[PDB]
Amino acid sequence: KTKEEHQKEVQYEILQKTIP
Amino acid sequence: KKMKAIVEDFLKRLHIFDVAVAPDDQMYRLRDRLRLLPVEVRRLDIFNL
Amino acid sequence: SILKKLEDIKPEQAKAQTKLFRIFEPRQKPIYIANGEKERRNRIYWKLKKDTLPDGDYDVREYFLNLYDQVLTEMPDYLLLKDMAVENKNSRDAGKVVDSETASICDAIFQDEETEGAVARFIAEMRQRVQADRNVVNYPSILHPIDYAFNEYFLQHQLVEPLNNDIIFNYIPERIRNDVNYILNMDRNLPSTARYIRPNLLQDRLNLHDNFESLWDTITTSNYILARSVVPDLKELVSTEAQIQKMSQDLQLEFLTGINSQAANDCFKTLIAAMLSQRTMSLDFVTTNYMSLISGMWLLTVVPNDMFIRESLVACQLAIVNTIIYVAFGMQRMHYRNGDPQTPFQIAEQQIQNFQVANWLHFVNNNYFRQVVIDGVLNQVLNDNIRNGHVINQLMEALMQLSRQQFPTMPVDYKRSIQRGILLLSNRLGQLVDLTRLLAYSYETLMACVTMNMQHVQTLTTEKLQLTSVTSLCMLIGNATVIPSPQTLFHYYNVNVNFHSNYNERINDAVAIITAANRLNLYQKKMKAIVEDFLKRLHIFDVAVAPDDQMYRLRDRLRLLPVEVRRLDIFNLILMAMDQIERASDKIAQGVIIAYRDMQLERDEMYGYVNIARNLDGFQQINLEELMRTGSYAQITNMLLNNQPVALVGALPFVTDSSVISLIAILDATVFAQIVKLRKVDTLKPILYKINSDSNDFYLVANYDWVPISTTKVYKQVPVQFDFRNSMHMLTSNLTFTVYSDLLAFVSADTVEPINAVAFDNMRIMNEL
Amino acid sequence: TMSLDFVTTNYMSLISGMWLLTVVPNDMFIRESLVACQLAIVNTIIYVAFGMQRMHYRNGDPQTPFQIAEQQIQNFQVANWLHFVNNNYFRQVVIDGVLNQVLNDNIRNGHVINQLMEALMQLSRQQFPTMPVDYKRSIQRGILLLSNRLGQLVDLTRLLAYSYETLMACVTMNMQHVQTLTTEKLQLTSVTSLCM
Amino acid sequence: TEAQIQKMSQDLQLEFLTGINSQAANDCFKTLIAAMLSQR
Amino acid sequence: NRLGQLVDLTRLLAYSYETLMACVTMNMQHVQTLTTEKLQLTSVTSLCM
């Protein structure tokens, strides 16, 4: 699950890098 | 006069944003929105003078 | 072991093109007048950026194949145009350009005192125009027409696709959303401008399910390992010691070996995984263990025949029939020869008279799978009488009849032991019903999460499974239901789709390379290397095991499949313009023409006085490739000895000589003696005449004003002139879009209450309240 | 925009989410949370109690599952409550040239809580067929627990309405209504804590 | 040779196949061609 | 599963036989003889595979 959480954090960080 | 710099200053002076993250296409859309608005009379008259 | 190998697959990386793929770049060269003097103003023409082409037409074709491979490997998937932008210092409208080298070219042209002002003003007028209301931008670029065509083709076939929440909601396979026992949830929105990549969902085209059992068995083993990793464990098992003592009391002894929780878990996982991946299994049991026989009989009642090796099935059927069935009614025991097409159960069905037992045997005989196509994926589904678990009753009734007959021609103790075994199995009817329904639902739900075609073909490696674990599972199952965890299911689905996409991508790459190689008339390339690269890149094999013969058979199998459209058009474009790329090189020529007649030379605005023959009409064409390939020298030697016109076509390195002394003293034809003397044309080096003012020997052609006359010409084409107004283009792209990968991490699912689970028929899964 | 986070094994979470959906208009959330909560609630309480097959459903239909529930159940109390929740949306009004989104009057005075309590009490004495013993007993006793707080729930919801009115009065800039990228995590357990 | 031996052993499902080496293959090939030539 | 390799092997054998037999001067009859040469079947399998 830890790897899954890391992947989801990566995806949400990619999304968040488009929000000021 | 690169309108991107002016829009950057405008966004940064709202105190609730972060310019270094904004996307360029949305910036261009905002610029095109700004291009078509009529300016308030005081500043227009100052420019005329 | 192999679990890491099959679980460490990440989606194939989408390359981000940092700069446009360049083959041609501008170069500034001097020019001469028709008389042969410097013009004191240089002009810029086109030259290849890379000049590593070796001599020999076969090596030329090899270089072309390598170039195609490099282009396809460096393919851009999503092409950003805002990242590749350097501000031009000379655009008086403060524009921006596509590449840094484009900026360097613009600066060079803008600052050259020998150039006019119209081109400079055109340079200064370059500016990008952005139209964000339709999500389109325009950029300026300078390229050779081949490069511009390639860039346009890359631009207009991007793999992105608009993304919306409902699209991901529909990205899950249908047989998961449609069911009620699983519920999906999101926690974030998606913008209207974001894009993602669709994987490839095309079925097998190598027919690895037929006549390729080695790799097929390897893949089946890998998927079986994965399924064993994914299938959920069991929870709330009855205490082993209490069950053991209760069974011991029920049997009245004054057998039970091999009953542990680990055995039940391993049996459950192995059975489900083998069913899922179509990996056949073999059984093994002591023939004198009646309870093992009855547990195996139940196992054959649920699982169909086709998933069992003929040896194990025959042994199990023989033991069952000749230890219970004919023993019941006291008929002569059957001698089923090992190897008859008939099965022992079929003969028993054709023999016995009683109703229920014959009906149950008939059911277990012909119970085959059904092939059903759902959502473009082929699957194997059990008969509907097995999922609702009613057939188990049709089992038990028959077993109940087995408790009524007197068992003639047998001692009382044997009958007592058999009755004890059948009673112990009978009293657990509800447990068996719940276990069978759970197995059916779990198999359906899990198997609905695979996206590759499956076939029911026995493979070489066979799974080992003892029946004692099956007996333990049938005696130890309890009340708590087991539903696969959504996180594990999604992880398994992600791994499977990643594997399928990798397989399809490698298949397409190999097909494209082989098609190009066979269409470029390549025949001196050992093709096992490409197959080895493919197998290695699949990332499950070791090329140290599979030999070359299977590689060649796979190549022959693979040639048939038509290639994908994009790669086919890429090859068509790269082949249609082959000659222009090959001839424009300044390191190799295209042949030598010999006439032994006084002929004049040509005048060009890039070489001055050069010996060039634009066409080859009016002569005999001899192929240098064939000359080297077959080793013959008959026709050429006889043609040259008698001093008759000849023409040779092929790749040859050139030596440049710029001395009028060499022009007057004929030395451009004395490089043919070695062909006769050495009888080898690998190092044929024709001499390229060239006369101009740079060589400090042009005063001869000026004082006496004579027209140079030679006896040889070199098959070379003057490079095309460069015009800035034509290479200019307005590339089209998208403004900005965030590429998304690993999409399923954005959806979370909650398990339903284990008690309230519903399998398929609007009813609870387990019911032993 | 509020995302809904829950653990489905806690049926009391969905029971409290019933009140949450009744009070807050469904257009304030994202579609994923709404469809998930509706499917869970419908396939764990009501349709379980009324002897009907679990609601086969497909994500992305133009109609929310609650509409299908409304046009499939002929028990007047719960059907009326489901209809009220179905057509509960933010009301578009203009005050002094300022655009605002305000709640309906019926919830504002604290009256829908009586309807919810009556529907829950109707579900309490229901037969609840084809369900195990302890699960059904726990479900109906939790439903009784939430029903037994009628006056306090009425006071809480109308206090929320009054606070919303007072705070929204001083808002100067208009507020549109459109879905957005990010959301705020709402704790279902915290909602149950506030309700109880 | 080792890989081919492994593959043949796996495929034949052995519970014989010994005496398989490149030297033996070369000797057999030479023997066959020579016998066909000299009419042995 | 070794079709192409077997084809190449057999026709290579045929070509080698042709080339070697070309230079034979004395004629060859055909009649059975006393002795023979031991051909290893396992070696034949090795060459085939």
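Here, each number is a calculation from the coordinates, and none is a lab measurement. Cβ coordinates were reconstructed from backbone atoms using ideal geometry, including for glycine residues, and neighbour counts include every protein chain displayed.
Quick notes
- Percent of beta bridges antiparallel (DSSP, the protein assembly as shown, rounded to nearest 5): 75
- Using a simple spin-label model with pseudo-atoms 7 Å out from Cα toward Cβ, residue F:26 and residue C:659 lie 6.5 nm apart.
- Of C:189, C:172, C:199, farthest towards positive along the dipole that unit charges on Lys, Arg, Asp, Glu beta carbons give the stretch C:127-202: C:189
- For the pair the stretch C:639-718 and the stretch C:394-439, the centres of their Cα atoms are 102 angstrom apart.
- ³J(HN,Hα) computed for each position of the stretch C:257-262 - Karplus, 6.51 cos²θ - 1.76 cosθ + 1.60, integer Hz, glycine/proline x: 5, x, 10, 9, 4, 4
- About its Cα centre, the protein assembly as shown has a charge dipole of approximately 540 debye under the convention of +1 per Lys or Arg Cβ and -1 per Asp or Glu Cβ, with nothing else charged.
- Selection from C:274, C:500, C:394 lying farthest towards where the dipole of chain C points positive, charges on Cβ: C:394
- Cβ-derived FRET efficiency at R0 25 Å, residue C:597 paired with residue C:696, nearest 0.05: 0.20
- Cβ-Cβ distance of residue C:390 and residue C:239, R₀ of 35 Å, FRET efficiency by 1/(1 + (r/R0)^6): the value works out to about 0.65.
- Full extension of the chain between residue C:706 and residue C:410 gives 93.9 nm of extra length, using 0.36 nm per residue less the Cα-Cα distance.
- Residue by residue, the stretch D:146-158 carries 3J(HN,Hα) couplings of 6, 5, 6, 10, 5, x, 5, 5, 4, 4, 4, 5, 6 Hz when phi is fed to the Karplus relation 6.51 cos²θ - 1.76 cosθ + 1.60 (θ = phi - 60°); x denotes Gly or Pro.
- With a threshold of 26 Å on the Cα-Cα distance, the over-threshold entries among C:47/C:716; A:8/B:2; C:685/C:716; A:8/D:136; B:2/C:89; C:235/C:415 are A:8/B:2; A:8/D:136; C:235/C:415.
- At an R0 of 56 angstrom, the distance between the Cβ atoms of residue D:91 and residue C:119 translates into a FRET efficiency of 0.30.
- A straight Cα-to-Cα reach below 13 Å connects residue C:536 with none of the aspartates and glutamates, residues fewer than 8 places away in its own chain not being considered.
- Cα gyration tensor, the protein assembly as shown - rounded (a/c under 1.5), prolate or oblate: oblate
- Cross-link reach is defined here as a Cα-Cα straight distance under 30 Å, omitting same-chain residues fewer than 8 places apart; for residue E:30 the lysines meeting it are C:525, C:526, C:528, E:7, F:38.
- Footprinting exposure proxy for C:214, C:472 (fewest neighbouring C-beta atoms within 10 Å first): C:214, C:472
- 3J(HN,Hα) along the stretch C:431-441, derived from phi through the Karplus expression 6.51 cos²θ - 1.76 cosθ + 1.60 where θ = phi - 60°, amounts to 4, 5, 4, 5, 5, 5, 5, 4, 4, 4, 5 Hz, with x in place of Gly and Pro.
- Listed pairs C:19/C:96; B:12/C:19; C:246/C:464 exceeding 25 Å between Cα atoms: B:12/C:19; C:246/C:464
- Shape call, the stretch C:436-493: gyration tensor on alpha carbons, a/c limit 1.5: oblate
- Working ranking of peptides C:174-186, C:671-683, C:147-159 by packing, defined as the average number of other Cβ atoms within 10 Å per residue, highest first, is C:174-186, C:147-159, C:671-683.
- Cα pair distances exceeding 13 angstrom across the stretch C:389-428, given as percent: 55
- For residue C:612, the residues whose modelled amide H falls within less than 5 Å of its own, excluding neighbours fewer than 5 places apart on the same chain, are C:602, C:714.
- For chain C, convex hull volume per residue from C-alpha positions, Å³: 212
- Note that chain B, at 4 °C in a medium of 1.567 mPa s, gets a Stokes-Einstein diffusion coefficient of 105 µm²/s from its Kirkwood radius over C-alpha pairs.
- Shape category assigned to the stretch C:27-141 from the gyration tensor of Cα positions, a/c cut at 1.5: oblate
- Rough spin-label spacing in nm, given labels placed 7 Å along Cα→Cβ, for residue D:150 and residue F:13: 10.0
- Qualifying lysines (Cα of each under 19 Å from Cα of residue A:3; at least 8 residues distant if same chain): C:4, C:5, C:10
- Taking amide hydrogens as placed 1.01 Å from N in the peptide plane, the amide H of residue C:733 sits under 5 Å from those of C:137, each at least 5 positions away in sequence or on another chain.
- Label-to-label distance, nm, for residues given as residue C:635 and residue C:521 (7 Å Cα→Cβ offset): 1.4
- Within 10 Å of each Cβ in F:12-19, the average number of Cβ atoms from other chains: 2
- Long-range amide H partners of residue C:651 with built H, under 5 Å: C:56, C:57
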